[PDB]
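K.L.:
Handing you this structure, nothing more for now.
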Amino acid sequence: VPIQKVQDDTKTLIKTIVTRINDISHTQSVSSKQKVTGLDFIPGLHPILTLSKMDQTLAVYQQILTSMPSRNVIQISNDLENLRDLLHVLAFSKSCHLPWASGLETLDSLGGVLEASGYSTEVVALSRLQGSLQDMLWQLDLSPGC
Amino acid sequence: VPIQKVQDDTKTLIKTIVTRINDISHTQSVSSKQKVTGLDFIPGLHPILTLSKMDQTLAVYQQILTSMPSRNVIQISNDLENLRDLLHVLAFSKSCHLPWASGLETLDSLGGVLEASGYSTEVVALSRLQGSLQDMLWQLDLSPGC
Amino acid sequence: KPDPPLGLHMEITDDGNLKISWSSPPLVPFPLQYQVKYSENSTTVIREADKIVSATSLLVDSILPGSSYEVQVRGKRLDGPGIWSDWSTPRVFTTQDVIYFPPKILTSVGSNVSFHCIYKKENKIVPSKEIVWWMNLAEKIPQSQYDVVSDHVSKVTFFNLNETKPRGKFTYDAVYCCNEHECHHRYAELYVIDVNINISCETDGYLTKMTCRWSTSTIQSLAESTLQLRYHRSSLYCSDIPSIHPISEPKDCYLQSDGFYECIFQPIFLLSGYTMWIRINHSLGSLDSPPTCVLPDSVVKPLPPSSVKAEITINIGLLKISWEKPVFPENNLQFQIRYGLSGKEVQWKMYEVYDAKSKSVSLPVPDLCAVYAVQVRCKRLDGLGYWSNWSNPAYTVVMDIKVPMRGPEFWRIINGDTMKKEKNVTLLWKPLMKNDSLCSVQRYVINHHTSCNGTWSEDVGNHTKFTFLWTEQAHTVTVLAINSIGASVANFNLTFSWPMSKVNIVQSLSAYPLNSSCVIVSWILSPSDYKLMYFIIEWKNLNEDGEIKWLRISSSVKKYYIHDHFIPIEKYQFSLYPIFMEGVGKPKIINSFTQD
Amino acid sequence: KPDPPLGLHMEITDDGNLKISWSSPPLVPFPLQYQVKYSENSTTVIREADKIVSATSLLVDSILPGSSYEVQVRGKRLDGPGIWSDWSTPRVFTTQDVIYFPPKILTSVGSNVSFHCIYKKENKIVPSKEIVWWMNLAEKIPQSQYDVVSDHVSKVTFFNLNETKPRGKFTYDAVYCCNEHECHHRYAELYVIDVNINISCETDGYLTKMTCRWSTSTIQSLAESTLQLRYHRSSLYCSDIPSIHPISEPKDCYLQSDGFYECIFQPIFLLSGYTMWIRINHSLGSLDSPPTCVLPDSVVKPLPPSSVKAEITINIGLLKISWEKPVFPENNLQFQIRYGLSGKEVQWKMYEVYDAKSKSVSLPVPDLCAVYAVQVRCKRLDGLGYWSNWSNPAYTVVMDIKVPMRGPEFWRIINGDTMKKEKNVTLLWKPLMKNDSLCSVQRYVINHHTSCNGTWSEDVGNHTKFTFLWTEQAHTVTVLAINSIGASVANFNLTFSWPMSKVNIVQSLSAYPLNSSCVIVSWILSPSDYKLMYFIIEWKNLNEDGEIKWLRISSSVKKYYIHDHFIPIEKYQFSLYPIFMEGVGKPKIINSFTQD
């Protein structure tokens, strides 16, 4: 496993997902940092300094994207899976043992927000994902640690 | 309601029906004035000087055309209905009260001729209709009265 | 004792009222009076209320958010000493914190719509001054639109609405009511659908059926929408202002490959007014598109004029066009005639005829002997109608239309030893070109004129060469062209005269090759008492047995450019003949290009 | 008591062993032990054998040709004091005289295969030395390949196998084992199928789907063959050596009009490795084509660069090209730009840009005022990927890019009676040609220079002729061309001076027509104290009111070929003007060609 290629690949997966979200016109107009009530459980922009938190973030994002019926987001879910697996292999190349993050045990609540107000949930979740990805790419040179 | 348009329209409906009958090849070869036994009840060429007689003539024609299964004649029945309604509105524009003519009460007999000999009944009824329409158009300038 | 009321349901009205409803038991053939017991359990106040109602429903004003409604109903015979039923099973309905009124609005483009909202924060109703509205989470709505109806409730008013543009799956625009900067997940749905649907109809040329079409393109955005054309038939003509009628009937319409719906009216009422509109039966509500009225007689597409004939009138030379008016309509019509030269692409000239009793028109044409394509179409003379399709092209047949305009240009060969009084003169001409022949030349006739034998004529048929014996002192010859109408009007003559053959007026003659395609021939004239009409230049190769080439040139000309293949190595003879009324003069001849 | 075993069948293994098989009765929920009774009846020896087996099958080693096998089976409960079933019905199987082992081989190109055979002649096994092998009855196989494993059996070994070419209906090659010259009807079937099937994939420019294709052309020879693409998805990237994985899934592939199969992967995992292979499920056996691994990111076909703009930079004159990188991939890219003159066929020049942060490039072009077509395509800068399609052509708009390079060449007409001190001078020029105008000339301005009035300028607009009054002893005129940037850099001047008009330096002048398209004009110069810059030759027809034609010629020139239409019969005037710094000198004039 080439180490240099994996960091560059990490960059590439992040940029691809960011562009995917860019294609989604409604998400672009929505403020990433801005707080919307009810969605607080989704891990939005809060400093993601280390590998275990980023991994759990991607796990939660995977759980959110799976539940919402949209074609673009699903293949994107595919991109997120490759990104997570890539993060695990990089964590291995640094001699770190990353336990496979489970998603949130507390999903019995996310269903409610999706039924009552779908629009807020999708636009917020995607825009915060885009923000988180930018921070991920930013931090990927800082020599991330486990 | 434009009076000039209604007289011209009366002319147009008559000419259209006349042409319709012209398309029916078997009717053209048959003498309009010629008498055929059994059909005498149909109001054939006998001078139609006034509006109430013409209206009753169209009513009888409507009853005859409805009973015979043929596609051309039926839409033509449609033309006859517009002609009758038009005659009623013109009779109104002259301050005449035209009572809605009922058809012949004595239709219990027309059925017999249609079953026993259909060909004679259709060709005669249509050719006499065509003749009556020509007389109608002729009289429409004579200042018809009620 | 009636059975307890069944089917107890609770719905929220657009006004925000709680409508409790139930069904009467199906087995009572008499009206029931109901007693409704309900409790409203909020976090701070319990209210119980018993209401007696004769209707199968009750409104409870202003549903309180974050409250629980328990409901029971019992029935009794309305008339007489009826026994009460037992109570219905209690039904609980738990409400949400945030109210929009209305929750949804379905409108058309250009309308005005307004919403009211209440925002609950920890079991408290906030003041309206705090409430701010947002659109699609993208941007804040301008403050000018907001109106404070009361302290608790805020309202937004929209004017001159534009069609909602769909973003992905969502057909509607999400409107939010927020307490300052922070918003909540729940939003209001705004559905604006373009009801401006164009329905166009066309009556067939036989007046046997009526065809109507309409497009889906504005409505492909709403899944679950069903579309139904409705129509109302008038007794006569269309109203000045079309409107929706309560009594309407549906029409079976079929989606075509081009994406348009087709509705067929068969048989037809020529003079009945058809009012049409589209019924959009959304899951909540029915919307009617703007109604339009169509008169079948005013939307007739006539058949093209039949039996179109194009002939050029004999002797006159006009393109005479005729046709037969299509059966419908029999009303006065105007006609449009396009005509042009027949080719891969026809340059159509237009002509319009407004005479109703006109069946044929005659139009001057520049070439009488070419095939013209001609198509005719018609429309109602008053303009109230559509244009018919263009008729099937008619083509002219080339026939002679006049006698030939001009007789052929001819020259002579003289075969004769200088010692004989008699010489064979072979006249030679080319067939007339189309402009001079017009259409055809059937035969050539040679008129001879002499002092002794007078005038006679010799028929040469379709031959382009003729040889006669020249014996007399003066012999004038004229070639006529004859077609089926007669002989050519303007004919060339040539007088052959023996005294004059000594007269020489051409002082010098020179020929200079400009290139392999052009030689200049130039000459100088001496003064002459005879009135020269024109010259003929003759040239031939002397190295080949080439045909003697010749050309007629005006007497006003003193220099000519002969365009022909001239080989500078070969010896060409150039003969310039001066031509006078008395005949062809003595030629000046040169046998070489002038090298000087 | 179990039911007797059912379905007793007998098949020959590729090794030539007799496999007797049966089904257990379906109603026993416990294992059975079986007893098989069989007899083998050959022409010379009878053998009976009873075998007890726990399996539902028995192998009998080396089936004897021309023998009859009778078989019966009975079952008993394996565990405990079970009762035996009755015996099965006896089954007879009669064998043939000649054995091939194996009877058939299915292999791929480049493999090694070997067959063994036994040939029976009148109930006797022949020695292997006698056996000879033949191919398709056409020819004997070389002796070197044969190997004698034992006295009774012979073997052939094939190496570096090539694809079997089909002869008519038969897909396989027939291999024969013969006793010397004479062969037998029965043969062995050899099936070699090209498993070398190329599967190519392409990711769409939006990274929304993955397209895979493969050809049928090598496999149209086998009827009854079914083809199934199988794939295995890796978690990340492709392995260095692709291999068949036991856990695989099929893919729905559809045959296209071009004869290729299409397999669509939708939605996509940008970084998952797709291993593909073709499963060929022949009636006897499954073969897997060589597996290939494809990385979707490395097989992306990017979209062409969008928003391509081609403009020529004002003042600078470079073809500046710009574009926008296509969204994918966002990785560094290299670009290829083709540019050429716009026409029916564009001579494309190539240029490559490897700077990732480059969005626009400026390339010198020879003609600034022509329309160039320009197309751009992109590829991953590291080379790991495909080239995008060429962008939609961009075209330049002709705009002025510099001031005109050169002012127009001009001459003068002098209209004036010799007795007047004042003369009208009409200057005449032609519009600048594209190379001198570059793109456009908006206006001409005439700069006048005199000893008394100094310098002034007169705007002539777009006129090509101007008339001024010449009054002074010396008047210099200069014509400037002006565009939207400014005036022409290099301009012609002409000084009109009255003293100098008497100076004559042209001793002789002669003109000789070479042809109707060329006249030589030659002149001899006298020595002169004035520095001659150039000549202007002027010629006109004297027989026609022809426009005065003129041309500027270097002073170094002593003979010139004028290419124009010259009629040797017409009188031409040729005027040679010597031009000095002080102005136009006295012309030498000739009015005829020199005949000497």
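In the structure tokens, chains take letters A, B, ... by order of appearance, with residues numbered from 1 within each chain and ligands from 1 in the order shown.
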List every residue of region 37-131 of chain A that DSSP, applied to the backbone of this structure, places in helix (DSSP H, G or I), and write the result as a PyMOL selection string.
P.N.:
chain A and resi 51-67+71-93+110-116+118-131
K.L.:
Taking 3 positions as the minimum chain separation for residues in the same chain, which residues sit within 10 Å of residue 476 (chain D) when counting only C-alpha atoms? Answer as a PyMOL selection string.
P.N.:
chain D and resi 447-451+455+493-497+582-583
K.L.:
Please identify every residue of chain C that has at least one atom no more than 9 Å from any atom of chain A, counting only C-alpha atoms, and report them as a ChimeraX atom specification.
P.N.:
/C:136-139,167-170,174,181-187
K.L.:
Take the selection from the previous step and output its residues with N, CA and C atoms, as a tab-separated table (two decimals), in the first residue's frame.
P.N.:
chain	number	residue	atom	x	y	z
C	136	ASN	N	-37.02	28.88	1.98
C	136	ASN	CA	-36.19	27.74	1.58
C	136	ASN	C	-34.86	27.68	2.33
C	137	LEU	N	-34.77	28.34	3.49
C	137	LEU	CA	-33.58	28.40	4.35
C	137	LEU	C	-32.48	29.20	3.67
C	138	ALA	N	-32.71	29.61	2.42
C	138	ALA	CA	-31.72	30.38	1.67
C	138	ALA	C	-31.64	31.83	2.12
C	139	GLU	N	-32.78	32.50	2.28
C	139	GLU	CA	-32.74	33.93	2.54
C	139	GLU	C	-33.98	34.44	3.27
C	167	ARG	N	-37.30	22.29	-7.15
C	167	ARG	CA	-35.93	21.93	-6.80
C	167	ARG	C	-35.97	20.44	-6.48
C	168	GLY	N	-35.46	19.64	-7.40
C	168	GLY	CA	-35.46	18.20	-7.25
C	168	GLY	C	-36.87	17.65	-7.14
C	169	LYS	N	-37.06	16.72	-6.20
C	169	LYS	CA	-38.35	16.06	-6.05
C	169	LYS	C	-39.43	17.05	-5.60
C	170	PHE	N	-39.06	18.09	-4.85
C	170	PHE	CA	-40.03	18.99	-4.22
C	170	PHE	C	-40.61	19.96	-5.23
C	174	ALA	N	-40.86	26.01	0.25
C	174	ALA	CA	-40.96	25.92	1.70
C	174	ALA	C	-40.80	27.28	2.37
C	181	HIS	N	-33.03	34.58	14.71
C	181	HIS	CA	-32.02	33.90	13.90
C	181	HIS	C	-32.29	32.40	13.78
C	182	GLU	N	-32.74	31.75	14.85
C	182	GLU	CA	-32.87	30.30	14.86
C	182	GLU	C	-34.24	29.86	14.34
C	183	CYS	N	-34.23	28.93	13.39
C	183	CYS	CA	-35.43	28.37	12.79
C	183	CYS	C	-35.72	26.97	13.33
C	184	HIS	N	-36.89	26.46	12.96
C	184	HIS	CA	-37.35	25.14	13.38
C	184	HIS	C	-37.44	24.25	12.15
C	185	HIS	N	-37.55	22.94	12.36
C	185	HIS	CA	-37.58	22.03	11.21
C	185	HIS	C	-38.84	22.21	10.35
C	186	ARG	N	-40.00	22.43	10.97
C	186	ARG	CA	-41.27	22.48	10.24
C	186	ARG	C	-41.48	23.75	9.44
C	187	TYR	N	-42.04	23.56	8.24
C	187	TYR	CA	-42.27	24.59	7.25
C	187	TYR	C	-43.65	24.46	6.61
K.L.:
Within 8 Å of residue 57 (chain A), counting only C-alpha atoms, which residues show up once you throw out same-chain ones fewer than 4 positions away? Write them as a ChimeraX atom specification, please.
P.N.:
/A:43,53,61
K.L.:
Let me see the file: selected residues, C-alpha atoms, as a PDB file, in the first residue's frame.
P.N.:
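Below is the file out-v3.pdb, written as the result:
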ATOM      1  CA  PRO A  43     -22.564  16.053  13.923  1.00  0.00           C
ATOM      2  CA  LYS A  53     -14.090  11.437  15.596  1.00  0.00           C
ATOM      3  CA  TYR A  61     -23.447  10.601   7.791  1.00  0.00           C
TER       4      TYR A  61
END
K.L.:
Could you list the residues in chain C lying within 8 Å of chain D, using only C-alpha atoms, and format the result as an NGL selection string?
P.N.:
:C and (512-515 or 522 or 596)
K.L.:
Output the selection as a compact mmCIF listing (two decimals), in the first residue's frame - N, CA and C atoms for each residue.
P.N.:
# COMPACT_ATOMS: atom_id res chain seq x y z
N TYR C 512 -5.43 40.15 -83.95
CA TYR C 512 -4.40 39.99 -82.93
C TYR C 512 -4.94 39.00 -81.91
N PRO C 513 -4.26 37.89 -81.65
CA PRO C 513 -4.73 36.99 -80.60
C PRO C 513 -4.42 37.60 -79.24
N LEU C 514 -5.47 37.74 -78.42
CA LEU C 514 -5.28 38.14 -77.03
C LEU C 514 -4.85 36.96 -76.17
N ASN C 515 -5.43 35.80 -76.41
CA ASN C 515 -5.12 34.58 -75.68
C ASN C 515 -5.66 33.41 -76.50
N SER C 522 -10.07 44.03 -85.77
CA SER C 522 -10.32 45.45 -85.94
C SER C 522 -10.20 45.83 -87.41
N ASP C 596 2.97 43.22 -86.22
CA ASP C 596 3.70 44.48 -86.24
C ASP C 596 3.74 45.13 -84.86
K.L.:
What gap, in Å, lies between CA of residue 2 (chain D) and CA of residue 60 (chain D)?
P.N.:
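Going from CA of residue 2 (chain D) over to CA of residue 60 (chain D), I get 25.4 Å.
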K.L.:
Give me every strand (DSSP E) residue in region 26-167 of chain D, going by DSSP on the backbone, as an MDAnalysis selection string.
P.N.:
chainID D and resid 32:41 46:53 57:60 68:77 91:94 99:101 104:107 113:118 131:135 139:140 146:147 154:158
